[PDB]
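Following: one structure in structure tokens, then a few remarks.
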Amino acid sequence: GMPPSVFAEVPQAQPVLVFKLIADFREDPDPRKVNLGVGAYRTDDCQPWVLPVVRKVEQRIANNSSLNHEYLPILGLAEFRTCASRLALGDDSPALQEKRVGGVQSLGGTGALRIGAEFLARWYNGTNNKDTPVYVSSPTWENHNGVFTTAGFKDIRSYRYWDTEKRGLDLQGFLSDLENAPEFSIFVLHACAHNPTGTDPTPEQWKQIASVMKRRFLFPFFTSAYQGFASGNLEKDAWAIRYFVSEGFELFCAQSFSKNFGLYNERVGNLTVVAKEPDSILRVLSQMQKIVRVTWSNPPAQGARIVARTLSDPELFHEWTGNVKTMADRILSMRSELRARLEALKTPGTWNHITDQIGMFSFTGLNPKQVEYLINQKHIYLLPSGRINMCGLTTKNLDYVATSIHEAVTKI
Amino acid sequence: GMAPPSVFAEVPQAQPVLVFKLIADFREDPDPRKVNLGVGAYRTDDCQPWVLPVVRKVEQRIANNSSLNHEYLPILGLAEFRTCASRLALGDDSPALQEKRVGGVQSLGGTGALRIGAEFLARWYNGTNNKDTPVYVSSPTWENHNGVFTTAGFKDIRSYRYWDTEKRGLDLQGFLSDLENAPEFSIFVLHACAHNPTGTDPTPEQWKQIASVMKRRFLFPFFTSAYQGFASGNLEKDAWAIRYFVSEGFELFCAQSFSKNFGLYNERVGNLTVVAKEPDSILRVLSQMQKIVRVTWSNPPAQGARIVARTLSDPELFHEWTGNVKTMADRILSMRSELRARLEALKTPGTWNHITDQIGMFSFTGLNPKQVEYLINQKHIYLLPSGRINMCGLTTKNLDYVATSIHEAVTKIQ
């Protein structure tokens, strides 16, 4: 002994698995390597893609010397908030016409989820009620648990969702978990392109889900991270949110522009709030301002400026919808091709889930022991859950992946 | 029959944050003599925002570089930004940098850096999940300091004496007494330079006395550094206190903002610098910071951090930036000197050396609330009830009117 560090007992936090997987993919010398663990759009040449419309808008911003760097309002750039909420709800939304919608610019979809969770933990179902159950899908994006736990919720639960046998939605289990949820429980719902499985309810299934939630006063907290990106069409991909609005729900929707604009690193999100009346929006927003203030003070400008300009200009909007469909069509192509080649190899089991699923992520139905084969033997990198990113498939590796998967079903 | 009440029906309306209505009232005022001394950011002599020339230049270079992509940054942020930011605060020759016992977390402005640090301390400092460690802020401080530490879960927020109303300066004896009486391990939120809102800073000799009590009572320094370079034009002088604490062997946090010294307010550029006793703890601390960031904003934005990293890493841009910072610092120094000279030429009662002894864009003038009300209502000069002014609200054109009006308030009111 000779003063002790105030950090002497701080533990090393747990190694998250996906980041070491992409690291292990990079260490691999094998020239057959394929990374199906990526979590962002990639071209047929395995490259990131800045959207043409984004490049165009970035040039217009750079050429506009009148733009300053003064703080945005706490709740964000007004034109961005309006355009983002209109994108989710539709231009002609009655909720917008009736002035009962609010929008809070946020730091990606994550920031929107966090602001909403903080609000609910303080002002929903009582004051400072940390006991309201929060239900997330089984499985879901793992940061869902972390966000709601950090907001103080003590009772995080899951609803049945992925059926490992049918390779699809366990609707009966989901409905039963809704029926058994205490009234006023919060449900975190993927608006489309469920992450990580890719399996979405059909509109008819959504109507059954909404019916139970309406009867039991369950709160819909939608996450919309893939609007337009998922199917190629922004209107189709927002239908479930808009259906809940038309059924009279009050709800939150955490929107991300990370994927559909490719603006991952500019942290562009929006929390849309739908209430019964305009006065409630004013009071809710006043509390969300306090929450934002003590978290990031006010939000950054560059990404929200890009989105606002694109969505406000019909010519740019049309160009953007084309760029979005290009991404969705490449994914739809990889799904169609993978299924066709797996069926051409006569691979055991059914494979229609590969094309029934929606978005960039797919639960393939492979088991962990089959996963380790693809990694160790064939250098195809994917998660133990069997999740793949379809953007890791290309015209050049599709045959290798499909044959390796066929070997990974018949031999292992 | 009756529609159910909204699930939001009992949510109260929050009450506004004071200065926003003041600015709104200024904007609606028809009088051509009106002056906004309540502004919270740098303004030119023509009352305008100023994008720094070096920032415009780097933005053009970024826009012309098609190789840059938009893929997620690491959770902790852009590596070159974090290294450059911590080196700016600590100095290239810092013993802590040489010994590899420094971490840096890119954050959403200085506010985000304060919040990440507060969340970490509320989980891992002075025990596990100890929400009872006292957190001390200056009397007065930026009110969002209290809100950040309260939201991180600290239940015992206290203040240390700081502004002396009678002397128009630092209450050193009160500050030292509050340090001496603070429970061991209490956290002190310290303004590294250009105290906000008063402009009153300890001298180096006073900082040595403050540090001596903190060392002896094991009090944790959580510095804010929002005005480095902006305050004096001299980056080393403006970081002297942080560097002195490092030299004295403290572990500390430093929440840095680039909102003011780069004028990058709306790009939300900050960095939390961590100084630890031993290099091996930095990896452990940063691993916990990663978890905190992940559930807050996931990962930080690129644009502003790229601008700062490019400027600080290139000799030619760095030199241009230091000149741009000096331009801002010198304008504020000029407004302070000119205001003091006019108040003394008018033989205004009281002492006015605090107008030039204070540092940075904010000044506690010493005017009382009734005098402030006179300035707003009678003279259309807008400032806060505390008597805080922003020196950037003064201009060559308005200085005579502002000084004359202050002289009127002092002699006629109260």
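All residue numbers here begin at 1 and follow the chain in the order shown.
Looks like X-ray crystallography, 1.4 Å, at least that's what the header says.
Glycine residues also receive a Cβ, built from the backbone N, Cα and C atoms like all the rest.
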In Swiss-Prot, the L-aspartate site includes B:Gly40, B:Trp142, B:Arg388. Which of B:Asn181, B:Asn196, B:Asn353 does it also list there?
B:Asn196
Taking 8 Å from the centroid of the Cβ atoms of B:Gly40, B:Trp142, B:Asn196, B:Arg388 as the cut-off, which other residues in that chain fall inside it around the L-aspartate site?
B:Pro197, B:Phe362
Among all the protein chains here, how many other CB atoms are within 10 A of the CB of B:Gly40 (L-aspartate binding site)?
20
Distance between B:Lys260 (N6-(pyridoxal phosphate)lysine) and B:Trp142 (L-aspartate binding site) at the Cα atoms, whole Å?
15
With an 8 Å cut-off on Cβ-Cβ distance and a minimum sequence separation of at least 6, pull the same-chain contacts of B:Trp142 (L-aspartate binding site), or say none.
B:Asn196, B:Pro197
Please give me the CB contact count at 10 A for B:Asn196 (L-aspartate binding site), counting all chains in the structure.
20
If you count Cβ atoms within 10 Å of the Cβ of B:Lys260 (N6-(pyridoxal phosphate)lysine), leaving out that atom itself, what do you get?
24
So the record assigns B:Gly40, B:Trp142, B:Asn196, B:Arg388 to L-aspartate. If I measure every Cα pair among those residues, what is the longest distance in angstrom, as a whole number?
12
Using all protein chains in view, find how many other C-beta atoms are within 10 Å of the C-beta of B:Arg388 (L-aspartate binding site).
22
